[PDB]
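Colleague: this one's a deposited entry, sequence included:
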Amino acid sequence: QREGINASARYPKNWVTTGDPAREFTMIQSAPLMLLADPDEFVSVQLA
Amino acid sequence: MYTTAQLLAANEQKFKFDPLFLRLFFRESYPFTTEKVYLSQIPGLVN
Amino acid sequence: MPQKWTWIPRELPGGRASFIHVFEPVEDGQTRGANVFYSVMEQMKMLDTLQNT
C-alpha cells in the first residue's frame, strides 16, 4: 500500500528485524487464480 | 453492499448446427401464392 | 433452374464505380425508383378493355 503496487503478479520483499538477533528475511507474495473461460472446451479422459 | 465484484469474460456455449442440405441439395427456393402445389414426373420408356 | 443471388459493391476499393445506379428519387429515404406509369395503370388497362369490348 505504501508503494501503490496493490495489483501485480509478484511482490519481492526483504527486511531485517530489530533487537539483538540480526534477523532478516526474503519474501514473495502472490494471489494466482489461474482460470479458463470455457470449462467444457477441454475434454479430459482417463485412459485404461 | 461493499463487495465491489468485478466481471470477467463470459462463456458463450455456441450450439452445433450446420445444414449440409439446404446449401447443397436445395438451391432453388419457391414461394407460394396458391394453396397447393403439384409435382409432375414424366415416365419415358420409348419402345 | 435455381435463381442464385450475388452481392456486388457499388464502387471498388480504388474508387472505380462497379455498379452504376441512376434514378430520380421523389422524397428522402427512397431506395428504388418508381415508373411514371403507376398513376395511370388502371386507366390504360380499362381503356384497352374498352376498345376490345
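Modeller: That came in fine, so what should we check first? Residues are numbered from 1 along each chain as shown, chains lettered A, B, ... in the order given.

Colleague: near chain B, which residues of chain A?
Modeller: A:35, A:37, A:38, A:39, A:40 (Cβ under 8 Å from any Cβ of the partner chain). For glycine as for every other residue, the C-beta is placed from the backbone atoms N, C-alpha and C.

Colleague: and residue B:11, how far is that from chain C?
Modeller: Relative to chain C, residue B:11 is positioned 33 Å away (Cβ to the nearest Cβ, to the nearest Å).

Colleague: cool, and residue A:11?
Modeller: 51 Å.

Colleague: one more: residue A:23?
Modeller: 71 Å.

Colleague: neighbours around that residue, how many?
Modeller: A count of nearby residues for residue A:23, using other Cβ atoms under 10 Å in any protein chain shown, gives 10.

Colleague: need the contact list for it.
Modeller: For residue A:23, the contact set (Cβ atoms under 8 Å, 6 or more residues apart in numbering or on different chains) comprises A:16, A:17.

Colleague: how about residue A:25?
Modeller: Taking Cβ under 8 Å, 6+ apart as the definition, contacts of residue A:25 comprise A:13, A:14, A:15, A:16, A:17.

Colleague: which ones are touching the residue in chain C that chain B sits nearest to?
Modeller: Taking Cβ to the nearest Cβ, chain B has its nearest neighbour within chain C at residue C:2, 3.5 Å off. Going by Cβ under 8 Å, 6+ apart, residue C:2 touches B:27, B:28, B:29.

Colleague: roughly how far does the first one sit from residue B:16?
Modeller: Read it as residue B:27. Separation of residue B:27 from residue B:16 (Cβ to Cβ, to the nearest Å) stands at 24 Å.

Colleague: likewise for the second one?
Modeller: Residue B:28 is 27 Å from residue B:16, where distance means Cβ to Cβ.
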